[PDB]
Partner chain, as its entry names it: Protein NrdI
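In the form solved without its partner chain, a lone chain appears below as structure tokens.
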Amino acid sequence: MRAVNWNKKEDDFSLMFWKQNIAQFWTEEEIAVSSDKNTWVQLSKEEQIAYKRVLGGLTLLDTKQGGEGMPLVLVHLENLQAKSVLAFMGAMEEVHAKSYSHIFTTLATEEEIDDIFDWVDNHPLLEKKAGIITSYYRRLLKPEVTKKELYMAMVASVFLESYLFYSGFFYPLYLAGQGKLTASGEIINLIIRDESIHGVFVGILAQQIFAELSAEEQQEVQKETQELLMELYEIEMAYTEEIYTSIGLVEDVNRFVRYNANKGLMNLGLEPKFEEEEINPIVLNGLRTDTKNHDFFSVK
């Protein structure tokens, strides 16, 4: 049947995204994380635990996005060029998942790693948020899907990649911005840089499909989008509360969540939901300065 033909455009953006995606490729081997021990051992129990929790949580999300979300969305696309980009995004999800193990391996012992994975696995909130997302992917497990079903699986993917990670990314950024666990912060920054072009791109794909829904499908899809947002917001607020009260950050993580929920919506070409809140200046600093870009030996 059809072979991908990159010499003839299937759309106006897949090639630019393909090139951006591959230009960003990295792998954990390029970031030694061992000198982070020095700041790791200065943190308290409650801070350690919290950092382990949010990383286990991020791992679950990359586990799902790379093992079901991208495979199940891409396989029903007719655009072979967009298909190639999603396939590559899925592999990077797995590079991301595994970098968390890379970090774990310098921070915690086996037994400690075991408990994180056990806690992640048996965690009811993670099952609920991840299940909500996943049910949209598992709906595509059949030979033919509706446009509505494909749109919605893409709504769910941009919610996961632009929004649901960020209750977790908050912590390592927060510490990096203060000089703590900065090699890991670098890894977390590369993950964000991929995640955020992942979100833009599926957002674009979602918007083309939207433009082809019947006027009233468009309504059902709007309505369902909003309820999905708020049902995840509700579970993110409980998640926040249970992760971040013991170290006093809840309301700071919350503002960061709504901030990202907004970029999520915007990626879908939708109006923002929350009023413009400023982001914690110490997370701003982790994002801006704890990057692999900044990390090199000056020749001066």
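Numbering follows the first chain given and starts at 1. C-alpha atoms forming the largest set that superposes within 1.5 Å between two forms make up the rigid core.
Between 172-180 and 126-134, it is 126-134 that carries the larger average Cα temperature factor according to the deposited entry. Higher average CA B factor: 145-153, of the stretches 68-76 and 145-153. When the C-alpha B-factors of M237, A32, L268, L55 are ranked from the entry, the top spot goes to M237. In this entry, the residue among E212, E195, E94, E186 with the greatest C-alpha B factor is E212. Ranked within its chain, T63 lands in the lowest third, by CA B factor from the PDB record. Sorting the modelled residues of the chain by their CA temperature factor places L205 in the middle third. Sort the chain's modelled residues by C-alpha temperature factor and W26 lands in the lowest third, per the entry.
Ranked by Cα temperature factor within the chain, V158 sits in the middle third according to the deposited record. Per the PDB record, residue ranking by Cα B-factor puts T109 in the highest third of the chain.
Keep in mind that the form solved in complex with its partner chain is missing from the display, and what follows is about it.
Remark: all three candidate residues (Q24, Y166 and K263) come within 4.5 Å of its partner chain in the bound PDB entry, counting heavy atoms only. Comment: 187-195 is the region of 187-195, 219-227, 149-157, 174-182 lying near its partner chain in the bound PDB entry, near meaning a non-hydrogen atom within 4.5 Å. Contact between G248 and its partner chain in the bound PDB entry is not found at the 4.5 Å heavy atom cutoff. Its partner chain is not drawn, but in the bound PDB entry it has a heavy atom within 4.5 Å of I204. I282 falls outside the set of residues with a heavy atom inside 4.5 Å of its partner chain in the bound PDB entry. Taking the partner from elsewhere, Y239 is found to have every heavy atom lying beyond 4.5 Å of its partner chain in the bound PDB entry. Residues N267, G269, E271, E276, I279 are the members of 267-281 with a non-hydrogen atom no more than 4.5 angstroms from its partner chain in the bound PDB entry. Once you line up the core between this form and the one not shown, the Cα of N285 stays within less than 2 Å of where it was. Between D290 and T245, the C-alpha separation grows by 3 Å or more in the bound PDB entry, relative to the conformation displayed. In summary, the C-alpha positions of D290 and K37 diverge in the bound PDB entry, ending up at least 3 angstroms farther from each other than in this conformation.
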